[PDB]
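Colleague: Dumping the structure here so I can ask a few things about it.
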Amino acid sequence: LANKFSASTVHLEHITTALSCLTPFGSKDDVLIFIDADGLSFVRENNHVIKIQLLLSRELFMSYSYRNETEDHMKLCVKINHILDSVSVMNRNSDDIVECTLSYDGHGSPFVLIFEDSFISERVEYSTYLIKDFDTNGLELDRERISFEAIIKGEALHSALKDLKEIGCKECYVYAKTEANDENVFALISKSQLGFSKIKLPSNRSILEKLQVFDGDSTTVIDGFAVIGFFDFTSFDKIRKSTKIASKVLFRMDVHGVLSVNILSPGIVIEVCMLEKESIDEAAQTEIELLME
Amino acid sequence: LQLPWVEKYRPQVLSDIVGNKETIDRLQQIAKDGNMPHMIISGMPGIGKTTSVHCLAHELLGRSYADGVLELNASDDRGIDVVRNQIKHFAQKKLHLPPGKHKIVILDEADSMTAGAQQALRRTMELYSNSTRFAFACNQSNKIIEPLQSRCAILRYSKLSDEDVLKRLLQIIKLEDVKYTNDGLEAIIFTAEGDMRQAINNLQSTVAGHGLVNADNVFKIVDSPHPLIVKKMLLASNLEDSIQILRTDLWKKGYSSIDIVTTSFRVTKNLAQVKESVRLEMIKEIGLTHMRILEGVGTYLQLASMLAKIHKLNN
Amino acid sequence: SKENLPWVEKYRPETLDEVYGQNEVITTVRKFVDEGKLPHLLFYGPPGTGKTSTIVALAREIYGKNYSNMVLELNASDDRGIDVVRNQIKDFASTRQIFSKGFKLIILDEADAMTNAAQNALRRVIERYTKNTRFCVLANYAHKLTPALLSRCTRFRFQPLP
Amino acid sequence: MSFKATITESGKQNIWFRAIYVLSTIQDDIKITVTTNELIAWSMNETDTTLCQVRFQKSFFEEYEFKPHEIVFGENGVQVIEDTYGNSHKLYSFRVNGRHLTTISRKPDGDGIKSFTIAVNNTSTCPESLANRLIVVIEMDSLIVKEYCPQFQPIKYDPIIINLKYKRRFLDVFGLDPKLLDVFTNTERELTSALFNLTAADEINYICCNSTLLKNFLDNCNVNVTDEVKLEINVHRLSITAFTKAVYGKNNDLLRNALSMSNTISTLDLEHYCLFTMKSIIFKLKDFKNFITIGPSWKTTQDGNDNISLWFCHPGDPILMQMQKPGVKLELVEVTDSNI
Amino acid sequence: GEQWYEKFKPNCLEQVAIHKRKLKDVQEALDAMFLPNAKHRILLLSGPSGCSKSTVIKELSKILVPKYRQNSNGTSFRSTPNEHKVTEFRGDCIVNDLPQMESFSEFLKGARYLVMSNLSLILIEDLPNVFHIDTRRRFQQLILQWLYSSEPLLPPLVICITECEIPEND
Ligand SMILES: Nc1ncnc2c1ncn2[C@@H]1O[C@H](COP(=O)(O)OP(=O)(O)OP(O)(O)=S)[C@@H](O)[C@H]1O
Ligand SMILES: Nc1ncnc2c1ncn2[C@@H]1O[C@H](COP(=O)(O)OP(=O)(O)OP(O)(O)=S)[C@@H](O)[C@H]1O
Ligand SMILES: Nc1ncnc2c1ncn2[C@@H]1O[C@H](COP(=O)(O)OP(=O)(O)OP(O)(O)=S)[C@@H](O)[C@H]1O
Ligand SMILES: [Mg+2]
Ligand SMILES: [Mg+2]
Ligand SMILES: [Mg+2]
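Protein chains in written order, with my numbering: chain A, 991 to 1283; chain B, -16 to 298; chain C, 194 to 355; chain D, -10 to 329; chain E, 302 to 471.
Structure follows, in structure tokens:
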């Protein structure tokens, strides 16, 4: 096509899955679209405290063309509600849709989405908006100061998130500890109307693939030291829908109070970065210690 | 970093709170005894109500403070559902405490609580008074519904005197080793208008700007309370003097006309010298000028005409 | 880009050195940032005296060129009801800095347009999170600000430009 | 560890959850009494018009352990009851939020439960924070472990003896199909094992009916509209009517619509019927409808008989209802209408 | 710990702080309400805070309920005589299987049964959330239905309302 960017696919599941994953960040707000030869990424942020980035690589599309030469990437901003409503109305006959094509012709042009059926094609153009001064790259994990890392099965984490949601969890605490004899302890401690509750992940290489505590430098492994991260459940729970489709989840917490969750479902990949609370109250610390000891 | 002095020097014990000597002494008596009843603490901003309630709770509950205190303010959810679930469950909790000690529910800024929540609080107070006690903190005691007031001891905090403010300022200065002069402390106290929070903020600002707390240095940053300027403007025996005050001290300093008229109404309400007829006529003229300002004509000429009418009435 | 802008915006001061007329306020705030003891601030003054420009320049000086990542700016064009104070401002003020860059800054421009309930909810948010966050309130009409909010802020008056 | 109990079977977990849920529907707070032989979960509504009680025998739980002499904190819940034979029994009673326990006890949609443990530790070696908290440990089939500690308040236990008195009166009045003799022997044994002991005033009526038909009829009953239930039994049929009376306003305007739906069952179908010589009784339907759904939750094939027993004497007197399972006893007492 | 207003609460009707004429009027009305076919079904007490409405109602009930309750025909929940002379509605109660707005509706549907050998005085002091428009409308409907009910037997229903101004709120 003559457009600067044009990608067409025959798998409508990826698009609807991406919209489903982006929904928990607000049904009425902005979404940033990054386009480059590598692929197309959707980015959303909430309250300068949480961020989600979902990537769609070239392989997911049966055709992918990025003809821009002046710039190696293109940035645009759209309204999530517009896309949601348009797709919901257009995707009513999901059995008949055979092709979906996204297109963009640079700054000043709309983001074009076309659903192509056997004999009927529906073309929608979404108006674009100026991108906010806030930089998505601002909230990122310091790769050189990882406090701890862990690998978890998607099903178990999703079930734990469901349990936390169903009890009205208000505050969440991620507890990670390592000892000798390949002993690992990863747990989520919730403060809710029920009081303090705990969900412990088994120390087996079936759900908790690996856990390591790096002493805040990503290099030296230390045993007997517990890393505790305090988060508001309002932000922590936003990864539930991404975990629903997740095959594996990688948690990485740094010393600056940043938690990164990498979710793997050729495929859809998600990265959620969240900030932790300033400090943990004495009562919460005592209750966590009592629960873990 | 370095905390602002207002929070850095927040009193942590009841013995460090200045002013309201009788009320603070009674709070100390309650703390040493234990039999704390439901209480309401009312007063103007920045006089120590929140600090007093927190210090009393800490002294009463000791190490059990974490499990024996439930604090809620206007920044938290405090609707009827909160009363139905969170406060009810806290009051139902069985906590072993030393004899004469009860759990404490602190409701800061209780005035802002909704009517439904306040009405719901009646039954929980009736049912769980044997193990739980309520401390309301507010600025207007009348904004708490009467059925709740009926169960509590009232405690009204008065404005701090210059002596108490000076004593606390001297303690802070000694702790910080700040160089000052008597006129500077006088200016700080005069500009604080009885608010200790403002006094501390102004002292910190002056120290940061110049270090030495003199009168001129204080008045470079801090401004005399404009209510006093408005009172002087209203009480001037000459029309030209009132106009000169309005021009030099208020208009050219950047004070908005709406603020000037609202302050004029507030001040005229409290003029003890004037007669009732003159006062009510001045109020009428101020109201008419306020109506004109709200419509968009917020000009200096309107305020000058208001002053001319007030002077005419004084004659 | 700047050439096409209206002069009122093309000549907006970028650094505190470009702000004129408010010598006392600029001096004091510059020394406060030099010592890193910034208190909660109130900028009161008439239109077009440099309040918004001054606060933005101070944020730039504190956080350099990356101030947009750790400054939360809200104005009358944004909804700032009690729900907003309870959720968004509360969560921003109660979370860590991006890279442990000292304290965070919340700018409430044209705060005289905020409702009484929101201002009341702001009191304890300002008080409890003072260690990690500092508030700046800008206004032209003081009578719209509740006494509790006024008590909590160090007040600076922007005079009509000499 | 003052008290500890564990449940492993899936059907046992189902019945535990259903009983807790129903009790939670009756009252906001459920009352748990631990003995040396059983755990009793009971609830009574605000108006004192309905009482529900589920007793789990110690054989119900895989592991059961009760050491009242170790209780230090929460001592107000410790009680001693003197038996008629000259024996002292120790009990521990407390109150717990029903909704919280129901949420804790529910089965996750995706993940199953391997074991469900409930424990109380008010012993000397108990941290102050953990005092007066019910420890619940849930092991998942995926080796995931969940822990909860909802607060509880110790209370005193006042046993209800309506069931014992009704059983004694029924035995005296009506005490031949061998099933009737077996029922009489079972009632006599229950009365003897209990810790406590031709005029018209001695009226008593007993009905044993297969609960399946009642549940089928009630499935169409919407308590939100049909708030009353009337049982009318004669020597030929038993009629269950879910009904609601009309209300007329000022000018005879219809403030509330009358409604009624009836179902008839031949006396032959009913397992047993004993009448004091067309008996009628009226009571509330919601609690009965909820209570009829506890026993079936387990669905035990062996000795499987979801039969409900009912006892009633006179209008205004309580109606008693009983259901049984291999290690569970379910009791529901309701207040009947006094008209006529 | 004990509060004096609870420690020294009245132990009998004579110790209640109430004007004699008002007490006489209330007692006559309530006694008439207990009769087999009483004209009045609801007694509505209104007044300012802390004027002995609920206290006098409870003290009067302690005398009236035993005198008018039919002796049970050897039937009762527990061994004790079930001293539940006053049945009060609890506004903060939440159950699993009931919407909030219907809670009061359920209460009355049980309260109707407390007659004859189960006689008890129904007292409404902690009202439902009448500040919610729908809840208030449902409450009014239920009160009207109780007033217009065709049930031959109903227990006395006393509603105590404490009148107070609502301070202006932002
Ligand atoms: N009597 C006092 N003695 C010493 N410091 C005081 C006193 N009153 C206020 N302060 C100082 O100002 C700060 C705030 O005091 P507060 O107790 O919060 O005043 P307040 O009356 O509760 O204000 P409001 O009603 O919440 S606006 C304290 O941390 C102290 O540093
Ligand atoms: N002190 C100043 N020095 C230099 N330029 C100024 C100054 N004040 C205002 N301006 C100019 O006028 C424009 C507006 O300045 P602002 O800082 O936005 O004034 P303001 O006090 O915030 O107005 P309000 O109160 O929001 S109506 C700036 O872009 C500058 O170009
Ligand atoms: N002689 C007394 N007479 C009445 N009440 C007394 C007396 N002595 C102590 N009290 C207590 O004072 C309180 C009386 O207040 P109430 O009976 O509740 O008045 P009220 O009309 O019901 O107002 P509300 O709606 O409860 S705020 C009770 O808690 C009584 O226990
Ligand atoms: Mg305060
Ligand atoms: Mg501005
Ligand atoms: Mg009363």
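Beta carbons are placed, not taken as given, at the ideal position from N, Cα and C, and that holds for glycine.
In chain order, what residues of the same chain lie with their CB nearer than 8 Å to the CB of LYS162/B, ignoring the 5 residues before and after it?
Modeller: Only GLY194, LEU195, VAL196 meet the Cβ criterion.
Colleague: Output yes or no for whether 8 Å exceeds the beta carbon distance between residue 330/B and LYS195/C.
Modeller: In the structure as shown, chain B starts at -16 and stops at 298, and residue 330/B therefore has no counterpart that could be examined.
Colleague: So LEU104/B packs on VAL66/B, CB below 8 Å; how close in whole Å?
Modeller: Rounded, the Cβ-Cβ distance is 6 Å, consistent with contact.
Colleague: Give the interface partners of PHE432/E over in chain B, defined as CB-CB distance under 9 Å, in chain order.
Modeller: Under the 9 Å cutoff, chain B gives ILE63, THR97, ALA98, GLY99, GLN102.
Colleague: Candidates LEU218/B, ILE293/B, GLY62/B: which alpha carbon is nearest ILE266/B's?
Modeller: The shortest Cα separation from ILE266/B among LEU218/B, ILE293/B, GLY62/B belongs to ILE293/B.
Colleague: So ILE149/D packs on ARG379/E, CB below 8 Å; how close in whole Å?
Modeller: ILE149/D to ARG379/E, Cβ: 5 Å. Contact.
Colleague: Should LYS275/D go down as buried or exposed, given a rule of 16 or more other Cβ atoms within 10 Å for buried?
Modeller: Classification for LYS275/D: buried.
Colleague: Flag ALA120/D as yes if its beta-carbon sits less than 8 Å from any beta-carbon of chain B, otherwise no.
Modeller: For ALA120/D, the answer is yes, since a Cβ of chain B falls inside 8 Å of its Cβ.
Colleague: For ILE434/E, count the other beta carbons within 10 Å of its own beta carbon; 16 or more makes it buried, fewer makes it exposed. Which is it?
Modeller: That one is exposed.
Colleague: Which ranges would you report for the alpha helix (DSSP H) in the region 198 to 266 of chain B if only whole runs of at least 4 residues count?
Modeller: Counting only runs of 4 or more, we get 198 to 204, 209 to 218, 222 to 228, 240 to 251.
Colleague: For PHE185/D and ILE271/D, what's the separation of their Cα atoms in angstroms?
Modeller: Looking at the two C-alpha atoms, the distance is approximately 30 Å.
Colleague: Hey, would you say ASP1227/A sits closer than 8 Å to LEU1280/A, going by beta carbons?
Modeller: No. Outside cutoff.
Colleague: Do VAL218/D and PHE280/D have their C-beta atoms closer together than 8 Å?
Modeller: Taking 8 Å as the Cβ cut-off, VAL218/D and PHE280/D do not qualify as a contacting pair.
Colleague: Does the beta-carbon of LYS278/D, which I'm using as the reference point, lie nearer than 7 Å to any heavy atom of ligand 4?
Modeller: False, no ligand heavy atom lies under 7 Å from that Cβ.
Colleague: My understanding is that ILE(-4)/D touches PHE141/D, with C-beta atoms under 8 Å, so please give their C-beta distance in whole angstroms.
Modeller: Going by Cβ atoms, the distance from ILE(-4)/D to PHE141/D rounds to 19 Å, so no, they are not a contact pair.
Colleague: Starting from the C-beta of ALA100/B, find all residues in its chain whose C-beta is less than 8 Å away, skip the five residues before and the five after it, and write them out in chain order.
Modeller: Hits under 8 Å: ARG61, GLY62, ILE63, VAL65, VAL66.
Colleague: For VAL69/D, is the beta carbon positioned less than 7 Å from some heavy atom of ligand 1?
Modeller: Answer for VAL69/D: no, Cβ out of range of ligand 1.
Colleague: Indicate the three-state DSSP secondary structure (helix, strand or coil) for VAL249/C in the structure shown.
Modeller: Of the three classes helix, strand and coil, the one that applies to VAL249/C here is helix, per DSSP.
Colleague: Quick check on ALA191/B: buried or exposed, where buried means 16 or more other Cβ atoms within 10 Å of its Cβ?
Modeller: It counts as buried.
Colleague: Check each candidate in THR220/C, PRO206/C, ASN259/C, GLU217/C and name the one with the smallest Cα separation from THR245/C.
Modeller: Ranking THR220/C, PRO206/C, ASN259/C, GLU217/C by Cα distance to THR245/C puts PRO206/C first.
Colleague: DSSP three-state call for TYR140/B: helix, strand or coil?
Modeller: Residue state, collapsed to three classes: coil.
Colleague: Determine the contact status of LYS96/D and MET129/D, defining contact as a CB-CB distance below 8 Å.
Modeller: No, the Cβ-Cβ distance between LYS96/D and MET129/D is not below 8 Å.
Colleague: With 8 Å as the limit, tell me which residues of the region 59 to 89 of chain D have their beta carbon closer than that to any beta carbon of chain B; keep them in chain order.
Modeller: Residues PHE62, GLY63, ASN86.
Colleague: Measuring straight from C-alpha to C-alpha, what distance separates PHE1024/A and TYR140/B?
Modeller: Cα-Cα distance, rounded: 59 Å.
Colleague: Regarding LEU354/C and ligand 5, is the C-beta to nearest heavy atom distance less than 7 Å?
Modeller: False, no ligand heavy atom lies under 7 Å from that Cβ.
Colleague: Starting from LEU424/E and walking both ways along the beta strand (DSSP E), at which residues does that stretch end?
Modeller: Counting along the chain, the beta strand (DSSP E) containing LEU424/E begins and ends at 422 to 425.
Colleague: Can you grab the Cα-Cα spacing for the pair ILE15/D / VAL396/E, in whole Å?
Modeller: The straight-line gap from Cα to Cα measures roughly 7 Å.
Colleague: Quick one: what's got a C-beta closer than 8 Å to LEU222/B's C-beta in the same chain, skipping five residues either side?
Modeller: The residues are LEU290, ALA291, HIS294.
Colleague: State the Cα-Cα distance for the pair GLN123/B and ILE30/B, rounded to the nearest angstrom.
Modeller: Taking the straight line joining both Cα atoms gives about 14 Å.
Colleague: Note down, in chain order, every chain E residue with its Cβ under 8 Å from the Cβ of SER112/B.
Modeller: What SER112/B touches in chain E: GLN304, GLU307.
Colleague: Counting only beta-carbon atoms, is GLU129/B nearer than 8 Å to chain E?
Modeller: By this cut-off, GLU129/B is an interface position.
Colleague: Would you kindly work out how many angstroms separate the C-alpha atoms of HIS273/B and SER144/B, rounded to a whole number?
Modeller: Rounded to whole angstroms, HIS273/B to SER144/B spans 34 Å at the Cα level.
Colleague: What's the C-alpha gap between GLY45/B and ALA14/B?
Modeller: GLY45/B and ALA14/B: Cα-Cα distance of roughly 10 Å.
Colleague: Which first and last residues belong to the alpha helix (DSSP H) in which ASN1071/A is found?
Modeller: Run containing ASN1071/A: 1070 to 1080, per the alpha helix (DSSP H) assignment.
Colleague: Considering Cα atoms alone, identify which of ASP72/D, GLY63/D, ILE93/D is closest to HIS79/B.
Modeller: When each option's Cα is compared against that of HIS79/B, the closest is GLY63/D.
Colleague: I need the straight-line Cα distance from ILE248/C to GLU254/C, nearest angstrom please.
Modeller: Going by the C-alpha atoms only, they are around 10 Å apart.
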